[PDB]
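Accompanying notes for the structure given below.
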Amino acid sequence: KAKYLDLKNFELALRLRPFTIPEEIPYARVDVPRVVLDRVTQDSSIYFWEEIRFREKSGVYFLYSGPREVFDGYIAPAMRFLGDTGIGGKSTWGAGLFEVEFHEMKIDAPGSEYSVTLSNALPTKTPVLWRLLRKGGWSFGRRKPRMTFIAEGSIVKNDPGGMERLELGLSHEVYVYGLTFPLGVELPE
Amino acid sequence: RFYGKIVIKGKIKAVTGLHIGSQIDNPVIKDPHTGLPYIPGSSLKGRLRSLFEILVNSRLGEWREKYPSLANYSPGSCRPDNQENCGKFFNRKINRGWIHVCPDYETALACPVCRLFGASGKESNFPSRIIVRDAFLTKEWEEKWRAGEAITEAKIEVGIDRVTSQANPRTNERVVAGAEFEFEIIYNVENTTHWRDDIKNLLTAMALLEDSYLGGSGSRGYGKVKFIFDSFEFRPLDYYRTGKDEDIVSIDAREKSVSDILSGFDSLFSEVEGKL
Amino acid sequence: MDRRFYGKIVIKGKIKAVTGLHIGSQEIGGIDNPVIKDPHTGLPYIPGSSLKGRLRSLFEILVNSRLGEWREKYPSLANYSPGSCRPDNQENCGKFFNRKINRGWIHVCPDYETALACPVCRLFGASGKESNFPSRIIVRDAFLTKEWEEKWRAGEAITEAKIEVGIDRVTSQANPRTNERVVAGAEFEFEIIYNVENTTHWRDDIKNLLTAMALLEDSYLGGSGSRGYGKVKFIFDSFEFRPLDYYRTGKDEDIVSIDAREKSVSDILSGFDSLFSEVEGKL
Amino acid sequence: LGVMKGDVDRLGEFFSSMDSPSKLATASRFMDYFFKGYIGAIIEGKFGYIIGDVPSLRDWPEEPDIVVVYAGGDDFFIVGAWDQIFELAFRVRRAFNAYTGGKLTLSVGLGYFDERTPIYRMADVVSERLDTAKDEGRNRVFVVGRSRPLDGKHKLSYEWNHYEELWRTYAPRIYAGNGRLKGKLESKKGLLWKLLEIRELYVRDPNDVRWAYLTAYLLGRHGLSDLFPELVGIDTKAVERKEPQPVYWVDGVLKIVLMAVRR
Amino acid sequence: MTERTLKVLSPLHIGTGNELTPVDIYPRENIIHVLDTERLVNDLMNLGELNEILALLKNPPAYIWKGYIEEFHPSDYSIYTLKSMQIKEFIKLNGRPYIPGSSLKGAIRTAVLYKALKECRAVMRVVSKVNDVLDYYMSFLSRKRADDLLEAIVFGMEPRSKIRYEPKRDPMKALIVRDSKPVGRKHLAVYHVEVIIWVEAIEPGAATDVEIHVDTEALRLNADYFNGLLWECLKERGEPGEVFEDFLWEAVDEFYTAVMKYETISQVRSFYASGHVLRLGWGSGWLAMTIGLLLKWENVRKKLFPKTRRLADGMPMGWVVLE
Amino acid sequence: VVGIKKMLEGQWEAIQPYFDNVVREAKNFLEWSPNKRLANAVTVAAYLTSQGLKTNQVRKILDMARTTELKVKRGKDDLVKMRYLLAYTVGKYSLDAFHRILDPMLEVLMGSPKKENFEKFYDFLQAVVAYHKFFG
RNA sequence: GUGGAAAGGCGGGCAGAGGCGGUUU
Ligand SMILES: [Zn+2]
Ligand SMILES: [Zn+2]
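Chains as they are written, first to last, in the UniProt record's numbering: chain A, 98 to 286; chain B, 4 to 26, 35 to 287; chain C, 1 to 26, 31 to 287; chain D, 515 to 777; chain E, 1 to 48, 50 to 62, 65 to 76, 79 to 87, 96 to 133, 137 to 147, 159 to 169, 175 to 191, 194 to 230, 238 to 306, 316 to 324, 330 to 350, 356 to 364, 379 to 397; chain F, 35 to 44, 48 to 112, 117 to 133, 140 to 183.
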């Protein structure tokens, strides 16, 4: 029932060698109550709101596997714009704002046919082992339909995923991402 | 459509001891991990919107010409008849209280409150242009917590009977007077025509916040927040693609909320008005 | 219904202790009954709860002494009878002291519409159920002046340890007590901010707030003032009406009442129409 | 609102001991009847001779305001009033101990919430408290929320025999029942919040920075020193085994009494 | 109506929490001078030490604590007399002597409590909510709370014990007194008490204004709430709100003139025969503190006396008269 | 045990006089550790209770440590030492037992860096007064 | 072409009523 592993223990799980789980999770999902006040007769009417709070040095990262010319022109200018607006959520209260840094990480993965996805994928064929993540979304105030994604850590055999285009009746087409991010894995027998 | 982001950075000083509260019997809001208090972005934006809606409620007749969406509103609330938007300014009912929220994109585009703070609406929306970040303690006010000093204190208030002088005590955890936080407001410049009016209106509501209170009891003298502006940077549209420092920086070291509008808006902002 | 803003009247001055005051709270060494202090500077202040709450108290007894006279000026004062709801434990049984807090009864209007007519609850606010009339005044916490902070630097005594004794009458045995007291003469920067919500009856609220101050200069301010620990005095530094435009344009053109070396009784009785004649011109 | 959620621990091991399918038939049917059939009699005040005396805040009513949502073979989700969710947590475990022979135990997570909180969020928090009380020692209850140090020697959740021992020790000194403090300890509502402000000095920094004499000072100026003698002097028995001080475990006994004598 | 100025007819002294050892005091002439240690030590520190504190911590032999500052070279209260002496000091807020208001309020209450027990009656005061009383108090009496029962049946009665004296029932909270103006440096002087101890006091011939005021608005609210035998004796006359002051200054006069006539029972005898008569603290004897003038009594005081009677410089030790 | 002395406290001053004379033999500042500092303070206040000294008589000295404590904490010592001597003058008797612990600490403090050693001195002097009330 | 857009944990509440640092030898 553990959810995450660090780099020392993630490599050992791909080769089906023994490993340990982390003891502390770097965040907590916190229930903060807010209020709505009448302007004249200040009647309080509360509602409950969920937030992820991080530790003093903890945070969030994501990975990128592609050519440097595309990263330098598209993903790197986007993360400086997205540092000042939000990254999903109530961004008018300062939620989702962050400072961006760039590093390089290495994963030692075994060579096989089967591979784990480090992202939601929207698979093009039947996977091998998986967990259904059912989510929709919201696009310029238009509700996106709930699509059956695959979860992070699910196992495919030569499946690229596929990028879905939804008409959605909007000035422009809406593309939902859905692509794999494979690292090789050894399945059991 | 996008042009840049005027960023206001400053220090919020609690001249009198501040209370926000989360529900020592009445604890203030804190971080879940370190245990330090802060000021939420919801409390500061929601107070600046509340102070500025009462400002616009008093001036609906005089601002029809500048803001054409205020011709549809009469001053008052829709509370005396349990009915949605019809003539009164405080038209939207959320749960039990009445708020001005414009019902469309095209109406909120010409409202002084809702072009800045945003509108929910039905069949269309209007997002905010400001981002009011949370205000945590300064780094200087954090080692006092590390040295062992109290950053919150217990204020014990009583309630006296007028005939018998029967006393009825209660306690209120309160952030200690003197403590300094750091705020930030990020204004998204969406329209190159609307931005001078939006910064003046944001600074007006920050000037009403210095004579009113922020959170907590307030009428009993709690809030009393003072604004110190460290700097103003512009971050243009060309900054986001190339990353080089084209940031137009307006300098304010000891300037007040009134001195940034005491003819200073027209003068100091001579370069942001230049590069649009 | 229809909350509007016209500006703020701000009253700045110096509360002076003509006799040494004592507010107090429930350090390791120290007097058994100490005085409230600022947690960051250690200097004894005066809270805004203790100054608003004493003014609201003294103004409520001022209404019950004259319920025949105040009834024609203000509606919803004929909603009750003089006295308290203390015998009949009822939240609204027709007396002026209608709401109990925990065990004691304080005059609080229960509805927004009856609080907009009461002179006590327009100026101070109500909080009924479904009602919540907010206050029109802010009474800040009152810290020491910049002068009397330098006296603590130089080593002059700000507080004092007054010792009192209750004597058993028959056996003449004495039980001693010690109470911390601010040294008489110390001064405190206070601030009172009235929100001009309605230009109809802002003038009645300023006269009702200044009436309660002169009652508080006759009575005490906190902590055993039947023995001398009050005798407090308002000294007015500045008096200032900030118009709505003030917050728009930021210019320091906001109209001012001199109020120099004038008492709380001089502002109402001697020159209320002469001083406030220029506030009325802008409103 | 009090929300309790629990299960039976190491139950999959216990069903794997069975030789015949007639032993699995008996083991899975007596196990199911405690939660299907005999958990309703525990709420109705029955079986109290076997249970004895449990940590209570009031005398047990004839009709408790307890709603059983779900109670499967080894699981049970129950909502209700917080002072009777608390007492039911100990009344069930003490009766579960008698139903088995002491061989199987209970992990219980407890929660205390605002009423107008969504029920997917009440269930989410106590599920995060039931496994917090399960990975540690697995025979341990999670009574109340707790701030702790990060040194790894401090666990948020009380063992079952531990918390009933702290209730026989600490509670009959300061508490009389039914939301009333003990005689001569009335008008000491501010006193018991001071002992939890002293207790938060231990959380910022252990190894006795300031908390040992401040406890002796506040017990000293009020004239009551029979209240909690284990808090004033440092425990050498606590230092030699690297277990927390007796000022650390009194959070779960004070904070339950402070909510019950709120008003 | 306020500004009830007092004149002193005698030496008057308020004890305070301090005494003056002879390290602080050296009379260079007959004028006793009171110096401060902080200006004497630190100015000598520029001329030089632990030898200053070693003579201070000794407290031996005084005369040796004087010549060191006299040669090789302050100001304070300068209270003249006009060694091995211990001057009991008066109360001073900034080195300025004043009369505390809580002392003046207590001298009134012993007179008012006397008149309430003289007019009685008491069975009607205990006729309601009890769950001339001196004759039963001797059997009742057969760092002390002996007035906890007598004043509860006379001032404030609330319902373990039959009467326990809650302060909220007391009609004395409407009478407010305030601290007088500071007397001055010249009217504070040191005197010697001869018991038939050196003390500084206020000689006769001073005038300060104590500001006594009555709050009428509290008695209008508390007409039903007060349970005092004082209250019954003060409402029976009628107009209790306007009759409380009348009762106040007549208990001041009739008590202390009755004490003055019993005290007469040579040069001091001329002082007794020759405004409102009032007698303050530390100078008045146990009888002028006590209803023992009304007080059986010798059997009670033997277990729980007119033996000692102090005097300084031919005059009794407190007589202050108001308007 | 800290609680065990209260059962015995409620000629007995002589048995604790060896504990006070041993603590007065060590006079160097910060010569004991953090746990050893509080263990000395239990022996001091138990010694100061058999021949009992009230906190008031000490209350002027406790004032001068505390007004400096705000002035040390981001805001001299001989002013406290001059008062600690003169208050010990007007004994009558157990003020010398309290002077034999202050004056060795204050002679070292008399010349010392202000920010550290006084803040460590202030923690010991609290526990003397703090623990003195726990026993009486 | 962001499970989004909009929403002040708030209104009202005196740490207060009583008490001769002076008795007594
Ligand atoms: Zn709008
Ligand atoms: Zn009213």
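By construction, the Cβ of each residue, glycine as well, lies at the ideal position given by its N, Cα and C atoms.
Residue i classed as buried or exposed, judged by whether at least 16 other C-beta atoms fall within 10 angstroms
i: residue 194/A; result: buried
i: residue 599/D; result: buried
i: residue 269/A; result: exposed
i: residue 245/A; result: exposed
i: residue 59/F; result: exposed
i: residue 68/C; result: buried
i: residue 137/B; result: buried
i: residue 110/E; result: buried
i: residue 11/B; result: buried
i: residue 149/A; result: exposed
Top-ranked residue by Cα proximity to residue i, from the options
i: residue 214/B; options: 195/C, 184/C, 217/C, 251/C; result: 251/C
i: residue 17/E; options: 94/F, 87/F, 72/F, 57/F; result: 94/F
i: residue 360/E; options: 338/E, 320/E, 178/E; result: 178/E
i: residue 340/E; options: 174/C, 248/C, 262/C; result: 174/C
i: residue 189/C; options: 120/C, 160/C, 209/C; result: 160/C
i: residue 187/A; options: 220/A, 218/A, 173/A, 146/A; result: 146/A
i: residue 220/B; options: 142/C, 26/C, 40/C, 64/C; result: 142/C
i: residue 254/C; options: 217/B, 248/B, 265/B; result: 217/B
i: residue 74/F; options: 173/F, 181/F, 183/F; result: 173/F
i: residue 658/D; options: 767/D, 576/D, 529/D, 776/D; result: 767/D
i: residue 773/D; options: 557/D, 720/D, 597/D, 664/D; result: 597/D
i: residue 272/B; options: 223/C, 240/C, 227/C, 249/C; result: 249/C
i: residue 622/D; options: 629/D, 588/D, 667/D, 612/D; result: 588/D
i: residue 615/D; options: 652/D, 699/D, 545/D; result: 545/D
i: residue 262/C; options: 278/C, 242/C, 237/C; result: 242/C
i: residue 214/A; options: 248/A, 102/A, 154/A, 242/A; result: 248/A
Check: residue i C-beta below 8 Å from any heavy atom of ligand 2
i: residue 130/C; result: yes
i: residue 736/D; result: no
i: residue 218/C; result: no
i: residue 254/E; result: no
i: residue 119/C; result: yes
i: residue 205/C; result: no
i: residue 111/C; result: yes
Nearest-angstrom Cβ-Cβ length linking residue i and residue j, presumed shorter than 8 Å
i: residue 116/B; j: residue 135/B; result: 4 Å
i: residue 194/C; j: residue 144/C; result: 7 Å
i: residue 270/E; j: residue 284/E; result: No, residue 270/E and residue 284/E are not in contact; Cβ-Cβ is about 15 Å, not under 8 Å.
ask   = Which residues count as close to ligand 1 when the rule is a CB under 5 Å from any of its heavy atoms, in chain order?
value = Those residues are 113/B, 122/B, 124/B, 125/B, given in chain order.
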